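Below you will find one chain, with nothing else, as C-alpha cells; this is the form deposited in one PDB entry, and questions on how it binds or moves follow later.
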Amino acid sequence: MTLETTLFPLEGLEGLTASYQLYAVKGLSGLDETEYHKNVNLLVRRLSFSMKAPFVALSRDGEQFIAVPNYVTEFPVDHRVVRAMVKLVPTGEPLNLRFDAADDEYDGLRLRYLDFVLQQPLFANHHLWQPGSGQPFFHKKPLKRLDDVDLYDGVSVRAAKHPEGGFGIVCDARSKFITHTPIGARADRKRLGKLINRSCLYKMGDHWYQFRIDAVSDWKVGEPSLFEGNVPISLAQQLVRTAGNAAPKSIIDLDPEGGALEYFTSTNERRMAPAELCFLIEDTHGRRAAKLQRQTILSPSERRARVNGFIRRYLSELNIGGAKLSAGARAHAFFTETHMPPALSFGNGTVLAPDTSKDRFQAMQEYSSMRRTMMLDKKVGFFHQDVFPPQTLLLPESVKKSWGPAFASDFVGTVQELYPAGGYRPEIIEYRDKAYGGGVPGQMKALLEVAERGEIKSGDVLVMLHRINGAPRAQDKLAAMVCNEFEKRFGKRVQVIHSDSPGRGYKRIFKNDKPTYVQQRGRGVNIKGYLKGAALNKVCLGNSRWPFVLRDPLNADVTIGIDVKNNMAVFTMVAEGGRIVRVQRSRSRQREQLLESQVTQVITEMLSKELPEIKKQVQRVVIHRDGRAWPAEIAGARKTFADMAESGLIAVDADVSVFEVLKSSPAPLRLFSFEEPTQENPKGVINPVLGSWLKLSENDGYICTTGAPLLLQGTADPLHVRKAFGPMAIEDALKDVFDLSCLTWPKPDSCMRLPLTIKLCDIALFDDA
C-alpha cells in the first residue's frame, strides 16, 4: 500500500528561466491535415539540429506557432525544402516561462527547455557518456566484464511535472552491451564492408558517442581524405587538430594504415572515424544472447539502488550558467489504494471474484490460478460454449508424409479436452512445400494453388508454415501474406503455426514391426505444453470462443484500439464485457499513420454492425492508440461519434476520449513497495502489487498491469497512458486499462502488460502487408 517512485524533486528551480519567442507559420494554406502537421514537425527537427537549441512547437488554435529561443540571434525566418515555401512571422511579446507558476499550455515549453539544459552538466562530466542526444547517460567504466563483451550501466533522465506541484525528474536504469576490443586498424576493406548498418561506440579521445556505420572510407587514417582550407589533410591530422591540451595517446598516435568508417550527422553531413577507436555495439536483440540478457533484468532492489546511486552521485549539484540546481535524494512516495482485479464470468453462470478477506498477495495468486482451472473444469469451462463451424488443418506435404498425422491426432485430442463443447474435427489438407522454392515466393505459390483448387472448404483455416528466416528481429513475411491473400482473394479466416517447434516434439519409433511417430521430452519444446497453448490461442481464440469475460461494466461502454505499422492499420473493439470483440485490418497510405477519413470509415462500419447487440445505450467511448495519436486521427474519431449521436444510434449526450498507450515510454517511471529487510534484501525493496497506480497530471498516469504476486523475475514496468482528448478522468481510464488486462486470454494464469484492446493489435498486426 506504500509506494515509492523514481520521480525526484528539483530544488533551486527558481531563477532558472526559459525565454521563447513564439512565431507562426504561413507555408501553404493547403493544410492537407496529415501533410500539414508532418511538415510542422520536420521544421522543428531541422531547426533544433542545425542551430543546436530547444525549438518547440505549440499547436493551439490554428496548429501553427514555432517557439524559438531568445538567445539565438540570426534567425532565417524563411525555410526551403518541405515541398512548398515557408515563412515564420513572430507573434511578438517575448515569453519568459517560470517553474513556480501554475499549469499553462506553455508547460510543454518549460519541459523542453528543462530537459535541454539539464543534460549540460552531465554531458560535460568526464566519467559519463551518452550514445546520442536524448539517450541515457552511461558510466565510461563498464559495470561488468562478461568475456569479450562489456556491460555498461546507465540512467535515463527526463523532466516531468511533479504531482505535489512544480517540476521534478523521472529516471530509470539502463544497460548496454559493447564489444571489449575495437574493430581495429588491422581490419581490411572487406571486413569493414560486412559491418555497414551495425552501430559502434566511438572513443574520440575524451568524447564518447554512438553512430551507425554507413560506409567504409576509401582512404586510410593517414592518407589525405579531407581538407581544412584547400590543403588536403588526413583524418589523423584532423583529430590532432581538434584534440585539446592533455590529449590522450589514443587519439594522437593512430595507425596511419588503419581504416576509417563513415556515418551521417544529425544534420546529415559525412564524417569519418578511425576503426581503431570504434567498438561494435553488440545487438543483443539481433543475436540470441540468453546468458547476456539475464544480466539486464534487474531485481527491484538492484534497480532502485542504481537509480538512486546515480542521483546522489551526479545530480546533487548542477550549474546551468547562473542557476545551481539539485535533485532531492528522496524520490516522491505516497499512500494509495490499489485496484482489485475485476469479477469475471465463466461457463455455467460461474463467477470468479478476488477474495477480499485474504491478504492481497494470497488473494491475487488464488484468483490468477483460478482463471486457468475454472477454464479447464468441465463443470464450469469457457464462458462461450458452442460447436465449432467447419475447420481445416493445412500441412506441408513433407510433414504429412512424416510426423504430421501423429501431431494432428494429438492436437485434436488436446482441443477436445480443452474445449469439449466444440467437437473439433478438421479436414487435413496438404500443399506441395517442396515443389517451388522454400522461400517466401514458392511457399506462396504452393499455398495459393491449393486454395484456388477449392480444397479449403470452410472459412476457418489453421495453416502450418515453414520458418523462412529466424532471428527475433526480422519479420515474418510469409505468415503475413498468407493471411492477406487467403482473406482477400478467398473468404478465409486464417491462423498460423510453424513446423519447427512441433517437429521437435516427435521422434520415430519402431512399433509392431512398423515405423510410427510418438512424442519425446528430450529438448527443443515441451510438446504437451505446446499443444495446449496452440489449441487455446490458435483454435479456441481463433474462433472467438472467449473463456471468460468481465462481470461488471467498465467506465467506457465501448473501447477501441488502433495501431498502424508497415502501411497496415488494425482497429479492434471491446464492448459489453469482452462479450463482443471485433478485430479489423485495413491498408493505409502512410506507414504508421492514418488519414482522417479512413478513421471515420472503419469505425462507423465496425460499431454499426455491433450496435444491435449492445443492449445498453452507448454513452462513453474510449480510443486506445498504440503510440502517438496524430490529430488527423483524433478528428476522424470525434467526427464518427458526433454523427451517431444525431442519428440516434447512441445516446445524444454521449462523449468520446482518446488515450495514448505508450508501451515504450518516453519518461520511464518505476514504482517500489517495501518489506521487512532481510539479509538478502537489506533495504527490503520489492515489486509493487498488481493493481498499483499513480497519476502525475490530468493527462498522464501509470498503472501496474504487471506486478507483485505474478512476476517471476525482474522489476515491474508500469504502463504509461497519456490523455490526448476528452471528458474521461485519467483515473477512470487507468482503472479499465487495468480491468482490460485481467482478461489474460492467451495464458490465463499470468499477468499481461497490455490491455486487451491493444493486445489484439499486436497479434493481428504481427501480420503487416
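So that there is no doubt, residue numbering starts at 1 and follows the sequence shown. We call the rigid core whatever largest set of C-alpha positions still superposes within 1.5 Å between the two forms.
Look at the mean CA B-factor for 748 to 756 and for 17 to 25 in the entry; the higher one is 17 to 25. Annotation for 155 to 163 versus 544 to 552: the higher mean temperature factor (C-alpha) is found in 155 to 163.
Taking only the listed residues 385, 679, 301, 125, the entry reports the highest CA temperature factor at 679. Within the listed group 443, 365, 559, 96, the record reports its top CA B-factor for 96. In the PDB entry, residue 275 places in the lowest third of its chain by CA B-factor. The PDB entry assigns residue 718 a C-alpha temperature factor belonging to the lowest third of its chain's modelled residues.
Residue 68 sits in the highest third of its chain by CA B factor, as recorded in the PDB entry. When all modelled residues of the chain are sorted by CA temperature factor, residue 725 is found within the middle third. Residue 412 sits in the lowest third of its chain by CA B factor, as recorded in the PDB entry.
Beyond what is shown, the protein has a form deposited in another entry; the following relates to that form.
Just one of the listed positions, 173, 370, 273, 340, moves its Cα by at least 2 Å between the shown form and the other one when the rigid core is held fixed, and it is 273. The Cα shift for residue 32 between the shown form and the other one, taken after rigid core superposition, is 2 angstroms or larger.
With the core superposed, residue 71 shows a C-alpha displacement of at least 2 Å between the shown form and the other one. Once you line up the core between the shown form and the other one, the Cα of residue 357 stays within less than 2 Å of where it was.
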